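Cβ placement follows ideal geometry from the backbone for every residue including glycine, while neighbour counts extend to all protein chains displayed. Each value in this text was obtained by applying a stated rule to the coordinates, not by laboratory testing.
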Ligand SMILES: Nc1nc2c(ncn2[C@@H]2O[C@H](COP(=O)(O)O)[C@@H](O)[C@H]2O)c(=O)[nH]1
Ligand SMILES: Nc1nc2c(ncn2[C@@H]2O[C@H](COP(=O)(O)O)[C@@H](O)[C@H]2O)c(=O)[nH]1
Ligand SMILES: [K+]
Ligand SMILES: [K+]
Ligand SMILES: [Mn+2]
Ligand SMILES: [Mn+2]
Ligand SMILES: [Mn+2]
Ligand SMILES: [Mn+2]
Ligand code: NA
Ligand code: NA
Ligand code: NA
Ligand code: NA
């Protein structure tokens, strides 16, 4: 059992369609390597105390959320934190309702105004019962914004998040620093004011979509350039699409850089 | 390879939270029997011609849609048909976009007015590009209504659906007859005018949630009463929650009635 630590689980490391795509397309990925089967991008963040009590926070609830949590072996949840309101990050939100029953209280969710206002449009019934329904709401909303730290309380003690702005094509997404672990998915450029949060990480988890340029995400080469500038002790690539085969990318990257895989798990001091 | 037939695949046979729930709760289900692991409710309907060309239609696109299609081994899709606009039936809709690329045309979707109007609210970006986006739409909407047959064309020939009304607690859901296979999920009562569609089926796929009453779904005992009245040659139970263990329900039900399981597949003449 984990003790006196933060524990991170890469619940999903794929691009928006997953790997393979729904049509069975593996791209250039070796279909025989289980690490190439990729769920939609999400991170589990836990804090364990000396007795093994935990605070549990998920970053994003995409379509794979239920299976991600089942496979993680972690059976409770304190909060959900959102990066941005794209389908692959939000469409599993209904599956929070089991925890609301278990906890006896609304699920605390954290989102910027852009994200919150999109969640209210898509999923209003999770916040307020509509005309003609008897389903109670399930979520309690909290604002977050770049450069404003926030803390989530729970049984293992507080987990302090440091949000910051990312450019994501035509919209903004959030990245987060949690201690000296940084999570940067769905990012095509880093604004200058965000750099303080991303430099000198023990572990930088950074999106690298594919080899070729894309308007909304770093290419592998762009992510590697950022890794060189930001000097993380270790980097883990995420949000990886079907052109990026695990073994191939492992060989192509520096020793301290690896492609992620679903279920990748590590502990750090806190 | 299938030939000269309709082929049905029970893509999912669980209740809205799945089995187990996201918190690892199996209820009374034996966790060691793989048939108790249940995805959200969905049916694949195919028609094969003499040469093995197929028309492929899915009923509902819930959160498990991507994995359901991958595991089915069927790598193309002609249309999606919807029963009603609950989370467990619609929140996988974004994953249709791969097929739009493969087919070179918008995905044809079929829904009643209630369902369509909810899809436009939750998922408007799938129909019309919003302000501030460059993502093209992916869906082409078609109306369906009880007691009005409709046909979907494709490579294997047309598949004719006969929709009908079901009471589902405080809303209406659709059931469908396809030849002499009937699909009745998310139903708490059958209106009189729907009975002609549901009687004398070769296979009746009918929702049975749990043993105890529920406002929105038949209990096992209620579904069995309907099966006795409607005299299907075979019945398959679906939308089954955590109280309903596969082996137990198999023993408790008549010979011609079985609990479903994910991946249950059969062929019938057409
Ligand atoms: N919820 C939502 N998802 C969107 C919108 N526009 C595009 N998407 C979906 O968001 C995902 C974008 O993928 P990305 O490449 O940023 O990982 C795709 O699944 C795409 O179809 C939108 O306006 N709202
Ligand atoms: N999309 C949507 N889902 C709903 C609404 N109200 C409840 N739900 C969800 O729909 C499902 C209802 O489950 P059922 O028992 O009918 O299978 C649950 O996942 C529930 O949280 C709503 O207004 N819209
Ligand atoms: K490497
Ligand atoms: K039986
Ligand atoms: Mn994404
Ligand atoms: Mn995105
Ligand atoms: Mn349902
Ligand atoms: Mn329903
Ligand atoms: Na805990
Ligand atoms: Na770019
Ligand atoms: Na076909
Ligand atoms: Na009832």
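From other protein chains only, count the Cβ atoms within 10 Å of every residue's Cβ in B:75-87, then give the mean.
Shielding by partners across B:75-87 averages 2.
Quick check on chain A: helices-only [θ] at 222 nm, where DSSP H runs of length 4 and up contribute -39,500 (n - 2.57) each and the sum goes over total residues. Nearest 500, please.
Result for chain A, helices only: -5000 deg cm²/dmol.
Give the Rg (one decimal place) followed by the Dmax (whole number) of the protein assembly as shown, computed from C-alpha coordinates and expressed in Å.
23.6, 72
After finding the eigenvalues of the alpha carbon gyration tensor for chain A, what semi-axes result from the square roots of 5 times each, listed largest first in whole Å?
One finds semi-axes of 28, 21, 19 Å for chain A.
How far, in nm to one decimal, is residue A:157 from itself in the other copies if the label point is set 7 angstrom along Cα toward Cβ? Shortest first, please.
Result, one decimal in nm: 7.0.
What's the FRET efficiency of residue B:101 with residue B:153 using the Cβ-Cβ distance as r and R₀ = 22 Å, to the nearest 0.05?
0.65
What ranking, highest mean first, results for peptides B:175-183, B:46-54 when packing means the other Cβ atoms within 10 Å averaged over each residue?
B:175-183, B:46-54
In nm, to one decimal, how far is the residue B:167 label point from the residue A:180 one, both placed 7 Å along Cα→Cβ?
Spacing of the two 7 Å Cα→Cβ label points: 6.5 nm.
Can you tell me the 0 to 90 degree angle between the C-alpha axis of helix A:113-122 and the longest principal axis of chain A, rounded to 10?
70
Using a 10 Å cut-off around each Cβ of peptide B:92-104, what is the average number of partner chain Cβ atoms that fall inside?
Average neighbour count from other chains, rounded to a whole number: 4.
Helix B:220-230 against the longest principal axis of chain B: what's the angle in degrees, Cα atoms only, rounded to the nearest 10?
Its long axis makes an angle of about 80 degrees.
Taking neighbour Cβ counts within 10 Å as the exposure measure, how do A:148, A:122 sort from fewest upward?
A:148, A:122
Calculate, in nm to one decimal, what residue B:225 and residue B:135 gain on full extension: separation in residues at 0.36 nm each, minus their alpha carbon distance.
27.5 nm
Give me the one-decimal nm value for the distance between modelled label points at residue A:268 and residue A:76, 7 Å along each residue's Cα-to-Cβ direction.
Placing both labels 7 Å beyond Cα along the Cβ direction yields 2.5 nm.
Where does each of B:84, B:214, B:89 land when they are ranked from fewest to most other beta-carbon atoms within 10 angstrom?
B:214, B:84, B:89
Take B:15, A:194 and order them by how many other Cβ atoms sit within 10 Å, fewest up front.
A:194, B:15
Residue by residue through A:24-32, how many Cβ atoms from other chains fall within 10 Å of the Cβ on average?
Mean number of neighbouring Cβ atoms from other chains: 1.
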